[PDB]
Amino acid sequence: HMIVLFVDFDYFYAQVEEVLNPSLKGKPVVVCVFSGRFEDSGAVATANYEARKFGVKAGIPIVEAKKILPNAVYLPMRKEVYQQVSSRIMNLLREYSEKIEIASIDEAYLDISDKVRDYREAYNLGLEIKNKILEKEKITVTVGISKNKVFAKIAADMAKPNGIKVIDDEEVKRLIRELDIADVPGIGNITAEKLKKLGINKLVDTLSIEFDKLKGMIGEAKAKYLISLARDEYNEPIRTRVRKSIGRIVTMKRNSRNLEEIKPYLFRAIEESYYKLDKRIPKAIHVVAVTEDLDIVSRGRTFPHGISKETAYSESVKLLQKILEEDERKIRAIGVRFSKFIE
């Protein structure tokens, strides 16, 4: 009953840069996000394995990477490029199933149930998909196969990189008991911790705790999710998913609270955001700010009609005004987010 095949491209941004400049293949490559603030201020979008080996990875400051690997190749993130390559591969996967859910810029779940019997065939289809993607785009990915999206995903995690793996029903039962609950999708450090205090260290433990306390501790939705898995009864279908919001945010040269100093950044964000909107019309706008102490403050508003760029400019100004008046810290970054698209 139902066979899910999850595809996860390998160290995606770095690998795409390798493909576009093979002279890179073989040496450590780090894709970065730089912000004027200073010489090498920014974070690491990601890096290839010939770099992950020494700890350089997503989230750490570019400077830190530089110390560890001073002579590695540091590339500016070219999101737009990775996107179009992503779209191409996404098309290429449709050829294998109508039921396709695009999770992110490099993730996708395929429902190959009414498409192929047993696991032995699932596997092959896997290898087939890899080859095709590999030959067509020269991009290696990892394929996870199991009874649902959750374990399909976990599968790939286990099989990374450029791998493939199937978690059979017998194994599922083993992981519901042996797999560290932390390693379960949707469980970050915050929840992980919350779970330990409650004694829960495995997906199974959830079955030995009174709901209401669990629900009370991690929220009902997270509780039902986990319990669901533990009972080997999880079964969310693979559905299409359209964007629900679009935004842009930029880090300023220096901190500030001066409206007239921030406004320019904010307006660049809006202009950029509208271009990205294309033909979509938003009913809601939020102004998101990152404070000096790396905290995130936001203020929004929904209109009974769509928002025009003019409308956005003036309304974004008030929300920034509101933020300032309601939060004493200097603002480090400023952005906008449009949502609730008409239709």
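Numbers for residues come from their place in the sequence shown, where the first is 1.
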item: Mean temperature factor over C-alpha atoms, higher-scoring stretch between 226-234 and 117-125; value: 117-125
item: 94-102 set against 157-165, stretch whose average Cα temperature factor tops the other in the entry; value: 94-102
item: Residue selected from 63, 45, 297, 307 by maximal Cα B factor; value: 297
item: Maximum C-alpha temperature factor, selected from 140, 191, 255, 83; value: 255
item: Residue 36 - Cα temperature factor, lowest/middle/highest third of chain; value: highest
item: Within-chain third of residue 2 by Cα B-factor, per the entry; value: highest
item: For residue 289, the third of its chain into which the C-alpha B factor falls; value: lowest
item: Chain thirds of CA B-factor: placement of residue 277; value: highest
item: Residue 328 - which third its CA temperature factor falls in, relative to the rest of the chain; value: highest
